[PDB]
Amino acid sequence: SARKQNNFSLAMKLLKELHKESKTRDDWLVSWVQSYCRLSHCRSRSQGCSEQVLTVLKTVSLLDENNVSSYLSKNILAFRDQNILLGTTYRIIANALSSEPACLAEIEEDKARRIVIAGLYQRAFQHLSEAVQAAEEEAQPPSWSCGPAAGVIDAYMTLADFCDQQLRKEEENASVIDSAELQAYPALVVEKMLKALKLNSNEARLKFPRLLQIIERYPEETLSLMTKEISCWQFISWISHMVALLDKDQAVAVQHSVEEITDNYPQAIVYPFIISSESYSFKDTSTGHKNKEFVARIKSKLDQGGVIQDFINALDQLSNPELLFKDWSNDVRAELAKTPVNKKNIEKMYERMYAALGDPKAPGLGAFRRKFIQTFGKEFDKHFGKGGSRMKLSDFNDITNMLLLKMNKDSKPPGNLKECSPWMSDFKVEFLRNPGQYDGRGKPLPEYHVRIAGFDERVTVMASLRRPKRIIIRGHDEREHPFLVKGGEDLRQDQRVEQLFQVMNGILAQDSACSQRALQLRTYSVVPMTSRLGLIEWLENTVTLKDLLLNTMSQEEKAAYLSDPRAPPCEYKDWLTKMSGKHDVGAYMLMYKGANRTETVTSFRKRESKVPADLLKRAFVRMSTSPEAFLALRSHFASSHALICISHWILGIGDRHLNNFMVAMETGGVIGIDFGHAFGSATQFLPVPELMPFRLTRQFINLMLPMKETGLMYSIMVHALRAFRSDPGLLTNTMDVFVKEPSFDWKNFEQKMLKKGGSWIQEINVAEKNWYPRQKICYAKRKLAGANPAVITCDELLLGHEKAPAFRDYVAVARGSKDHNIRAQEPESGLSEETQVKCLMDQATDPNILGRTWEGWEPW
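Numbering (PDB author numbering), first residue to last: 3245 to 3359, 3373 to 3488, 3492 to 3649, 3653 to 3697, 3702 to 4127.
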């Protein structure tokens, strides 16, 4: 139990006090696997772990043979011993081995081949990985010996994870002998898999569909074993991933999941219901028509008692008007350029809408009534009487901006309260429906389902871009539950975002340091629905901190705050127009001189951002009823804010404005809501050249007051990194599948755009046929995950487009600005553990990289 301690020297004296004591022979065995699980802990070193292995390997076979002939435990113990052979095989990247006479040859080849130059320099990887290949197969007898469950899983997994890193390492080179050994592993992926899983490590199933297309899939391994899956539950979390793939993905291989979906349709019918609708896609050709017709009957297997969905959809449509217009003027115009598509695709985009406008007095919408459209669709029955009856002309693409604008001046008058005349509110339950939300955890768990107990007629509009509309679901289990409305949003990437996010805080559990001081990161449950719509969960008493800044001005310092924003785009926009002629781009490539920039931000960010350093902590005295809980919630304020800069950086930014992650009034805590841009796009993309990793506003550290030394405390970011590196597979294997997979995520992010506006969306797809990375994201992404510092070297390397002016500034700012200020020159582009963070916080408040920036992005 001493080994629990995450410190090191302690387990050294204590091995000695159990190593001496001899009276039992089996005591000394546990002392071995103790000393070697100890060996495993120090293996988090760089060369130290290897050294420990070198020392333990000399004494691992030293007394192991002597102590006992065999044990169920000895065998498992043998498996553990084999485990350290992995610490041997790894690490040497063709480097110069330090001066180790006598010791190296003696154990490099002789201790590696059994159990010179012909086998090492080019082949030591094969010598060592075969000594452990033959050692791991000697962890197969736990499959034949019955026992108490626990030990088999520990090796089952670690067996497999040798082969994932085997296969992706194999995704770099190809030969004939590697392929014969590569034909010995991939059918061994399913065996370590399953084996009556009792503790879910779900990442493995997900990598596997990729394994069925990269080679000729294995029907039998997938047919036999996968029906014996429970040998409860587990049918869930893997929810959406399969249905997409089975219908069209993987051809015939994809079908093996139709025995999956129907070995999982019966139990928990409730969940895929909401998605499988969205997962229609399409079906093609001949041998799949036999199967397309099959799951089309699986569709007939779920429309029963599922006759309630159309009504729900009608209600959402009745609910919004502006979202439809913007999902209309952009989809209509310009997409009729190129080669004209008058096929079935462009005619249905009508039926989604132009049929939702020719039927408000017709049976299409006689079953799903609206009231705003009742007048509007009637005001729209007339204009569509002339605009719709078709056309098929291309010069009128530009003329549709006249009509849209006219109806925009007719769509802003309405949008009023109540809105219980659109019916959907007065939907109720008859004969017990002869409910929203779902549970996706592991384990059986029945009675979990909430039941909808009608709505409340009252509603709330909350103005923000798309103008969403808050909702309180009134519910069965004697409680309520509020929701929000985003019917234009493709809630799918943010879906996996939170999945990857409790992958995150699902690793913050297990580290002694992280757990010690209790440091988790709150997130919620988006619920996507049928691609064209979706809703979102809504906590209480949280708000945008921007309002904690407005109401703290008081009409006094608000007459001094009315113009406070005004101090940027008056005094800062003027300083643009002197840099170059006024416009939208900012002519930021012309923005030159590196000290002039530092002048206007050391001068104007001081004079301005000293007004809200007071105002901030002054919004922090109101929060405080008494002077003792103040040092708890300003405290938890950082407790949260540090877990996000570090976190979002790994994710690919948070890009969240002062209204895009919200603070909670009651207990601080900064759950972040914005998830539009991801990875490098927010800076890699040309339409908006914006660069900064996290956000650290000059008047933020100001809040902490005399927190100038370091920041976030050197505590936050070091517990942070440390938890991120210690287990690779998870965070790693999660993003790697998240990409390359969904068609929306890539090349269709050009389509995810036109969000703010549309002037950005053009000239992207034509200039971005070089945005097909997959292999240059993830590799350079995992070196990010903690394996590399660089930080600066990362961004320049990240952007492909020539940067005559922009690239120099980024390189100049990342290293040059701080390289005469040494925050960026001296940290190596090779490796450093926590150094990269010290500058990471640094390479943000540098007034040089704060100067040339975006307006409204709250850059202070």
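Cβ atoms here follow ideal geometry from the backbone N, Cα and C, with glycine treated the same way.
Alpha carbon to alpha carbon, how far is residue j from residue i? Give it in angstroms, no decimals.
i, j, result
"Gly3548", "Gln3769", "37 Å"
"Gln4018", "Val3985", "38 Å"
"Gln3470", "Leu3505", "11 Å"
"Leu3330", "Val3512", "37 Å"
"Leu3972", "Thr3819", "18 Å"
"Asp4012", "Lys3260", "56 Å"
"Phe3967", "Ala3880", "7 Å"
"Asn3927", "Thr3811", "7 Å"
"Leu3767", "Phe3871", "40 Å"
"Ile3472", "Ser4026", "44 Å"
"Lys3655", "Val3752", "34 Å"
"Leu3806", "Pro3532", "26 Å"
"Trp3276", "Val3304", "8 Å"
"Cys4061", "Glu4069", "16 Å"
"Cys3420", "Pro3443", "8 Å"
"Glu3265", "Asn3251", "24 Å"
Is it the case that the Cβ atoms of residue i and residue j are separated by a distance below 8 Å?
i, j, result
"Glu3538", "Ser3798", "yes"
"residue 3651", "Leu3583", "Residue 3651 cannot be located in this model; the chain continues from 3649 straight on to 3653."
"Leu3575", "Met3414", "no"
"residue 4129", "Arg3247", "Limits of the chain in this structure are 3245 at one end and 4127 at the other, which puts residue 4129 out of reach."
"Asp3418", "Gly3853", "no"
"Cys3347", "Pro3711", "no"
"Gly3939", "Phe3904", "no"
"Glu3478", "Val3447", "yes"
"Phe3495", "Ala3441", "no"
"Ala3987", "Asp3778", "no"
"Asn4115", "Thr3865", "yes"
"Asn3459", "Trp3498", "yes"
"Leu3998", "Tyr4077", "no"
"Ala4091", "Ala4079", "no"
"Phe3722", "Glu3804", "no"
"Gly3921", "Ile3911", "yes"
"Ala3388", "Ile3359", "yes"
"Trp3916", "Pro3960", "yes"
Compute the beta-carbon to beta-carbon distance between residue i and residue j, rounded to the nearest angstrom, for a pair I have assumed lies under 8 Å.
i, j, result
"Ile3774", "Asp3994", "6 Å"
"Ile3740", "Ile3719", "6 Å"
"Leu3815", "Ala3909", "Not really, about 19 Å apart at Cβ, beyond 8 Å."
"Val3555", "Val3518", "6 Å"
"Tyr3614", "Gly3648", "6 Å"
"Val3726", "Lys3681", "7 Å"
"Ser3279", "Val3300", "7 Å"
"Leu4064", "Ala4047", "7 Å"
Kindly say whether residue i, judged by its beta-carbon, lies nearer than 8 Å to any beta-carbon of chain C.
i, result
"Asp3658", "Considering every chain present, this structure includes no chain C. It has just one protein chain."
Which stretch, first to last residue, makes up the beta strand (DSSP E) that contains residue i?
i, result
"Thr3809", "3809 to 3811"
"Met3929", "3929 to 3931"
"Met3796", "3794 to 3796"
"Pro3749", "3747 to 3752"
"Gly3801", "3800 to 3804"
"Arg3874", "Here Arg3874 belongs to no beta strand (DSSP E); instead the alpha helix (DSSP H) covers 3861 to 3876."
"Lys3736", "3736 to 3742"
Over the uninterrupted alpha helix (DSSP H) stretch that includes residue i, give me the two end residues.
i, result
"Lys3559", "3549 to 3560"
"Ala3730", "Per DSSP, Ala3730 belongs to no alpha helix (DSSP H) and is neither H nor E."
"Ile3534", "3530 to 3538"
"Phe3904", "3897 to 3918"
"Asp3271", "3269 to 3286"
"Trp3493", "Note, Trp3493: premise wrong, no alpha helix (DSSP H); not H, not E."
"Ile3337", "From DSSP, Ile3337 is part of no alpha helix (DSSP H); its letter is neither H nor E."
"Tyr3610", "3604 to 3613"
"residue 3652", "Examination of the chain shows a numbering gap from 3649 to 3653; residue 3652 is inside it and therefore has no coordinates."
"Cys3781", "3779 to 3783"
"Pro3677", "Looking at the DSSP string, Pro3677 is not in any alpha helix (DSSP H), and its letter there is neither H nor E."
Residues bridged to residue i by DSSP?
i, result
"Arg3324", "BP columns for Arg3324 are empty, so no partner."
"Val3409", "In the DSSP output, where bridge partners are listed per residue, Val3409 has none listed."
"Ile3719", "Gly3742"
"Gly3939", "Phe3928"
So is the beta-carbon of residue i under 7 Å away from any non-hydrogen atom of the ligand HEM?
i, result
"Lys3710", "Ligands in the displayed structure: none, and consequently the ligand HEM is not present."
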